[PDB]
Amino acid sequence: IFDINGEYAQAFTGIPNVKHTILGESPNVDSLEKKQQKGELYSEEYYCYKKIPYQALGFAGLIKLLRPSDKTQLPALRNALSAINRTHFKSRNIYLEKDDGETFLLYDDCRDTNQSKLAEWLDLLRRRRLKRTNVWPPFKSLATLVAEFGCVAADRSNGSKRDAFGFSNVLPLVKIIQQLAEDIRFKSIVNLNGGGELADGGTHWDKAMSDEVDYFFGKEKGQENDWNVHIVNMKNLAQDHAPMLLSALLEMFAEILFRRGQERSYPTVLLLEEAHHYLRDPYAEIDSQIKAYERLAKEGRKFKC
Amino acid sequence: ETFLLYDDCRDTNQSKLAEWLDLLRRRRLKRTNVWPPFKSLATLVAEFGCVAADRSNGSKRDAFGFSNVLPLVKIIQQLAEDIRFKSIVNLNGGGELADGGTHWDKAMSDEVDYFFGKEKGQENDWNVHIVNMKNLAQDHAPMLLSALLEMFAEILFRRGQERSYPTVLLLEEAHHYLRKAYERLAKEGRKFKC
Amino acid sequence: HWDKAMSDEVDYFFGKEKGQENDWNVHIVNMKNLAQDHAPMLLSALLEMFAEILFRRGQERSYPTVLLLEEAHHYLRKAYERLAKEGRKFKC
Amino acid sequence: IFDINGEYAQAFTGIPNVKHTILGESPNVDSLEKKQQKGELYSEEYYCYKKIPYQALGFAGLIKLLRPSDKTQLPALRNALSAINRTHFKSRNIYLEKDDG
């Protein structure tokens, strides 16, 4: 249930194998959660707490959320995507690390340290020949990687430099991000902490949305499904920001449903109160911009959804 | 000598581009025998949109050229990181391609002849060929239908009036894709005995 | 000082906070001596300012507001979609 | 109520907590300011005064009053707004003071 008013807890009283997670403004933080075991009838106040990590949104979801629409932000975004998983951040700044141990420091106090080696630094960074990591960088990290990548140019003399005109041009993005940080909506819903494992194999991007979302729609046949209910409650929610979250959820659902398969499918219930508000984007009236809903419906018709 | 292309804003070897592009424009150089990747379409468009002589008597990859195609390359690169993206077609190429200039001629004629029956003298091992097209979403089927109709109409016109064998087409749900030059076969079915 | 300024300003316009008690119940505004091409913009600005102030009133401390503005079509040409589509949701 | 015509004052005859506000330049500055409470009868003798400071225009309403395109003109305005902590004006001049050097 994609609960919007917060009333379905009463309806399913006494049915075993249920769980309901409530999201919103807790009156008091200091609380302890109690869990329920097999066989017992499900009652209220028995659940497991789960927040919204910004990691579990999808890389394309974050890219669309940022909506890069400037002169030199998309190549910077590609450089970040090719190099954001090979960085180390400790509470003050993001710094690189090669396989040999060499590190590069990114500064925010307006110092031009090592402005001539940036050519080799970015060459090796794009070539992806550095040391890996096991921590997901925070959302604040991308605010500086794009800015630093987008102001690199070479004149007749070798090397690169950072001019003040580039800083002024990228100033709107950093300033608007800082202003949005001084608000009450983004941080109250999305948790921009940053952190997570980086299990190797070359399929991390796919596996992250493949196996982690099994918490939503179950695993392959042969397991033991103790839970059969998953509800996210947003009884207080802004109608302006709901379409973005729901579109991201649908985009995530589209790819997992394709990988769901035939023999590994279960009956599914989708609740969409006032779906007409967020089914279509305001500027997506052309039939070439709908690859989520129709594909989702086709996959569901094929494989029991 | 070679020449490297850069998808990002690398500053390495971005000075002597105008001379290379000017020499390339006269199409007097040598050809190749390798199929390029699918994603390489946008870089040539960006180069065409950015290459010029700088105002201060120079040359540089100005931001005015990359921003022209930036919205397009946004969805081009976003589509390249999709799970369903490689469930239909492989985008590597680099196979065997014998010389003769039939890159489009053979891959049109032979394939199109196979789709809609071979000519006289060739044994046909199948009569009712069923294709499980459930893997391709309805977001691109009209394009394929129109392209196939336009392709096979041209060969039918030049295949001769005597060689028009009995042919019937089965295309379910006409209401999704039936709304000139891209549906010549479907409209002029009787003209080509299809 | 922004909190101090907003606390000073929101008072006496549409009431006081939950803790305080409002003495007045009817608030008449007199704007007879002002041109018709300069007052509507200020009225719309005040409307938007009070709309954005309402956000931190939440639901526990937000007392539902009553609005009576005469001949609003001058400046009503987000501004009206949001305030009227989520108004019942946030006690408007 | 925001009475452009200021005519509802006659329509609130018999309400204990009716308060009147006047906007516009005061014809006589020497007039004092009155504070009220609950229970007092409303009449023309009693009135209250209030004005909005220029800083109360906000960050969104004022920029949307002229509602210009937010592509190239906004950065200058945001720089002017941000450069309010480094700004001085005494009679007609602009001078910048940071420290002794």
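Structure's up top.
What counts as what
For every chain, the first residue of the written sequence is numbered 1 and the count continues from 1 onward along that sequence, whatever numbering the entry uses; residues with no coordinates are hidden. Working convention: letters from A go to chains and numbers from 1 go to ligands, in the order in which they are written. The assembly from which these chains come is larger than what is shown, and the figures reported cover only the shown chains. Heavy atoms throughout the structure, all of them, feed into the side-chain values; hydrogens and water do not. Going along the chain from the N terminus, every DSSP run of H or I of four or more residues is numbered as a helix, and every run of E of two or more is numbered as a strand. Classification of residues uses two cut-offs on accessible area relative to the type maximum, computed with a 1.4 Å probe and protein chains only: under 20% is buried, over 50% is exposed, and between them is partly exposed. Only heavy atoms enter the contact rule, under which two residues are in contact if any of them lie within 4.5 Å. Salt bridge, as used here: a side-chain nitrogen of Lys or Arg that lies within 4 Å of a carboxyl oxygen of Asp or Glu. For this analysis, a nonpolar core means a set of buried residues of the types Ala, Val, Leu, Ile, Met, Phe, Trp, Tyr and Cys, connected via side-chain atoms within 4.5 Å. Whether two strands pair comes down to DSSP finding at least two bridges between them. Note on aromatic pairs: the rings of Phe, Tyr and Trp (six-membered ring only in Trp) are paired at centre separations within 6.5 Å, and the planes decide the class, stacked below 30 degrees, edge-to-face beyond 60, tilted for the rest. Sitting over a ring, as applied to charges here, requires NZ of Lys or CZ of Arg to be within 6 Å of the ring centre and within 35 degrees of the ring normal. Helix axes are fitted to C-alpha atoms over the stretch in contact, other axes to C-alpha atoms as well, and angles between N-to-C directions run from 0 to 180 degrees. A crossing counts as left-handed when the near helix is turned anticlockwise from the far one by less than a right angle, and as right-handed when that turn is clockwise. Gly counts as polar in this scheme, as do all residues outside two lists: the nonpolar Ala, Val, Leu, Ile, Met, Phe, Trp, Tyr, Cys and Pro, and the charged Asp, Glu, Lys and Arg. Like-charged residues are merged into a patch within 9 Å and nonpolar side chains (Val, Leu, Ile, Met, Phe, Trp, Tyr) within 5 Å, provided each residue has over 30% relative accessible area and no salt bridge. Only the protein chains shown count as cover for residues, and all accessible areas are computed by the Shrake-Rupley method using a 1.4 Å probe.

Trainee: I keep staring at the overall build of chain D and nothing clicks. Help me out?
Mentor: A tally of helices and strands in chain D yields two helices and two strands. The linear arrangement of helices and strands in chain D, starting from the amino end, is β-β-α-α. C-alpha extents for chain D along the principal axes are approximately 65 × 40 × 25 Å. Expressed as a percentage of its 101 residues, the buried residues of chain D come to 14%. Summarising the internal contacts of chain D: among those between residues at least 6 apart in sequence, 28% fall at separations of at least 24.

Trainee: Just to check I follow, could you spell out the pattern of salt bridges for this structure?
Mentor: When the charged atoms of two side chains with opposite charge come close together, those side chains can pair. This model, assessed by the stated rule, comprises 24 salt bridges over all chains. A salt bridge links B:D7 to A:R78; its shortest N-O distance comes to 2.4 Å. Placement of the pair is B:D7 in the segment before α1 (17–25) and A:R78 in helix α3 (residues 74–83), with the two residues belonging to separate chains. Here A:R78 falls in the partly exposed class, since its relative accessible area comes to 26%. Look at the salt bridges and you will find they share partners, linking B:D113, B:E119, B:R159 and B:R163 into a network.

Trainee: Explain the nonpolar core to me, please; I cannot follow it from the model alone.
Mentor: Considering soluble globular proteins, one finds that nonpolar side chains tend to be buried as a cluster. One finds A:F104, A:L125, A:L142 and A:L145 to be the most contacted residues of the largest nonpolar core, which totals 24 residues. Counting residues per element, the ones that place at least two in this core are α3, β3 (94–96), α4 (118–127) and α5 (142–149) of chain A together with α2 (41–50) and α4 (70–79) of chain B. Per-element accounting of this core gives the leading share, five residues, to α3(A). Look past the residues within four positions of A:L145 in its chain and what remains in contact with it is A:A80, A:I84 and A:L106.

Trainee: What is the right way to read unusual backbone geometry from this model?
Mentor: For A:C110, which is not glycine, the phi dihedral falls at a positive 60 degrees. For B:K193, which is not a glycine, the phi torsion comes out positive at approximately 55 degrees. Structurally, the position occupied by B:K193 is in the segment after α7 (184–187).

Trainee: Please explain the sheet that holds strand β1 (residues 26–30) of chain C as it appears in this structure.
Mentor: To summarise the sheet geometry, strands pair through backbone hydrogen bonds and adopt either a parallel or an antiparallel arrangement. Read across the open sheet, the three strands follow the order β1(C)-β1(D)-β2(D); overall the sheet is parallel. What marks the edges here is a single partner per strand, and that holds for β1 of chain C together with β2 (48–49) of chain D. Alignment of strand β1 (residues 18–22) of chain D against β2(D), held across two bridges, turns out to be parallel. Bridge pairing in β2(D) links D:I22 to D:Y49.

Trainee: Would you mind going over the packing of aromatic side chains with me for this structure?
Mentor: Describing an aromatic ring pair means giving the distance of the ring centres and the angle of the ring planes. Residue and element names in this part refer to chain A. The full count for this structure, using the stated rule, is 17 aromatic pairs over all chains. Each ring, one from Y215 and one from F216, has its centre 5.8 Å from the other, and the planes form 85 degrees; the classification is edge-to-face. Residue classification places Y215 among the partly exposed positions, given a relative accessible area of 22%. Using a relative accessible area of 31% as the deciding quantity, one classes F216 as partly exposed. Grouped by ring-pair contacts, the aromatic residues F59, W136 and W205 constitute a single cluster. Seen from the ring of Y215, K50 lies directly overhead, with NZ or CZ sitting 4.6 Å from the centre. Against the face of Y293 rests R280, its NZ or CZ located 5.3 Å from the ring centre.

Trainee: Looking at this structure, how should I read the packing of helix α10 (residues 242–260) of chain A against helix α11 (residues 293–302) of chain A?
Mentor: A pair of packed helices can be characterised by two numbers: the angle between their axes and the separation between those axes. Residue and element names in this part refer to chain A. Close contact between α10 and α11 brings their axes to 9 Å; oriented N to C, the two are set at 35 degrees. The hand of the α10/α11 crossing is left-handed. Within the contact between the two elements, α10 uses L250, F253, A254, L257 and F258 and α11 uses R295, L296, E299 and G300. When its residues are assigned to classes, the contact of α10 with α11 shows six nonpolar, one polar and two charged.

Trainee: I'm lost on a nonpolar patch on the surface in this one. Help?
Mentor: Where nonpolar side chains cluster on the molecular surface, the patch consists of C:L34, C:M41, C:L42, D:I52, D:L62, D:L65 and D:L66 and spans about 590 Å² of accessible area. For the nonpolar patch, the elements supplying multiple residues, two or more each, are α2 (39–53) of chain C together with α1 (61–65) of chain D. Among the structural elements, C:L34 can be located in the loop between β1 and α2.

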